[PDB]
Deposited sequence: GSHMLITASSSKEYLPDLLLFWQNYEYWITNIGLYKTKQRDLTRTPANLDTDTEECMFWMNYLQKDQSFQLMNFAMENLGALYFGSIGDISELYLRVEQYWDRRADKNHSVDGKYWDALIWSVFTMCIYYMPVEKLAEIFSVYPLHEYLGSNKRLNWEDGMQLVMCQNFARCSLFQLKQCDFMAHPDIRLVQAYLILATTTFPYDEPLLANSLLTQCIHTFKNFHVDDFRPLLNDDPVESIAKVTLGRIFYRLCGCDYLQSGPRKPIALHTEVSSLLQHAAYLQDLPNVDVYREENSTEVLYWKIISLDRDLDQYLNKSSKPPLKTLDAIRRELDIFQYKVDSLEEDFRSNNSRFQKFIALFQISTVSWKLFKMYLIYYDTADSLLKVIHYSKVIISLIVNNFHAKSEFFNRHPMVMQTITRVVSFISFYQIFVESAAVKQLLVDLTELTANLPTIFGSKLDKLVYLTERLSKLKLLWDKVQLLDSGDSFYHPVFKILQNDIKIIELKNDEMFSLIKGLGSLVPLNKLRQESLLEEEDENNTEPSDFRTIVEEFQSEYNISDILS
């Protein structure tokens, strides 16, 4: 092993990105939640106490203002799940007609759970200004015991959203949903999944998704196309179930990981078709992240051809600037397609170093930045709260940071500054996940520093560097935090398992920048 100025390490280093992105930026950052059950409080009360307060807090006038907000801005998010929101107003009325009742039917409780999941979505997306005009923060501190000086914009809106989600589940529990499979469970879940709920509670969300898969399959409808011999009411139920199935598929893919072992496997719902096709393209690409095989060039070209077809349909979508439902829909479709585009070219770059790959990568990252920044012109700012922008930004700023470490490029260097800057401006509704991403970004930059300030080595057979070991350790540490063997051993009984300057740099860096800090 001697000194080296070689570079035949880069190819395998870019191959290694795929895995890093999967374990660190995806699994570790969003789906890894440490669970020490011996120090976790049980819900003796089963949230009865908590939801007594939140449900009394919400007043009738306010609940209809949440519906109006949904009815006017969020159609692109809820249509696939609940369809037209008009009959849901009747459900809010009935919720209030029965709010005083001492006896409720499971049926009624399912509708309540559903509208409450909608209220949750509403709280999650509503601009803090509109939220302030409707609700008073003080009754919250009054009950929570939090600082009365903290306002809605200080993390209180996120707290109200998280509790509205909890009460939506509380009402499902009052339905004894496990003994009464109903399509409303899937619909409620679908609506909660438009928020960061699946990120706040990955295991709970994965269990709930499994229940939705069970609920769906429980209908035994494998063909959603209306049949001549069908009662129109039955044809409508199947077209609706079909849209739900596809939104479900969307969640199934987004919640993929070791903690989610069970897999699902015209006009406005022509958009529903477009939304699924774009996500399936995203899946077709990211399936290679944790795989060791390389996608064949001809496979990427095939995906590219479909991408151009969908980019055309996405661009043919007329967006009515007067209608905010239309605008959000355009933004969502445009962002999804750019994300898939960014990924396609990242893979062309990484696997085949294809001509123009980097240029394309730079361009779709800017398109992505541009789309987010375009909403900073308020009345659309809340569009940026969509979980997809957090996911997309995470992949982009992380890969660029990593690419910046090994490859010299002023264009990429400037892109990183813009990316780093935009990240800091993302909606605070993304909570601690946003701080963790900022942290992950600084750590990667600090990792570039180290790469510069230390000489690469070569045993003539393999290369060596502290940065390599550290990156390799990151994946190992997060893989280990996802091994359930430990919780298995702890659940079965009281048995407990027993079993160079280069090493000083690795440990030094890690105790200063613990990768475990991106976890939950």
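No C-alpha positions are given in the record for the deposited-sequence stretches 1-5, 271-292, 527-544.
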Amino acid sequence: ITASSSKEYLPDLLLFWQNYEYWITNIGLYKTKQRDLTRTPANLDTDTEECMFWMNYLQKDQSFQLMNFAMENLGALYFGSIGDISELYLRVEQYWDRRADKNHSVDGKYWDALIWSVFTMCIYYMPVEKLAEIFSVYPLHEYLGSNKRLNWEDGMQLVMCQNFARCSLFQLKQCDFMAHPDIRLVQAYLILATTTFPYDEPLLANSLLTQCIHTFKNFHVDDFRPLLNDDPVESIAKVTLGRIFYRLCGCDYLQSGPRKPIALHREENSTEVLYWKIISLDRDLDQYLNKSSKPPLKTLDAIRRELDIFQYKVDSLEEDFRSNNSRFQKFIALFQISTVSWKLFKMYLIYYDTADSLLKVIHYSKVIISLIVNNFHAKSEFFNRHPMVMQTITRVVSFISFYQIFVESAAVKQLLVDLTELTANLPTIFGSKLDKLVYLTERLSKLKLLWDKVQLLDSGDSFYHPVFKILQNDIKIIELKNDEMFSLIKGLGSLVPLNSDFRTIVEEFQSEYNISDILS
From here on, numbers count along this sequence of modelled residues.
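Between the stretches 508-516 and 13-21, it is 508-516 that shows the larger average CA temperature factor.
Higher average CA B factor: 347-355, of the stretches 213-221 and 347-355. Within the group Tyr138, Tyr364, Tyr439, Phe399, the record's highest C-alpha temperature factor is found at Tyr138. As recorded in the entry, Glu133 carries the highest CA temperature factor of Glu133, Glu306, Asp176, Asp112.
Sorting the modelled residues of the chain by their CA temperature factor places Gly257 in the lowest third. Placement of the Cα temperature factor of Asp282 within the chain: lowest third of the modelled residues, per the deposited record. Sort the chain's modelled residues by C-alpha temperature factor and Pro466 lands in the highest third, per the entry. In the PDB entry, a CA B factor belonging to the middle third of its chain's modelled residues is recorded for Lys476. In the PDB entry, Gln157 places in the middle third of its chain by CA B-factor.
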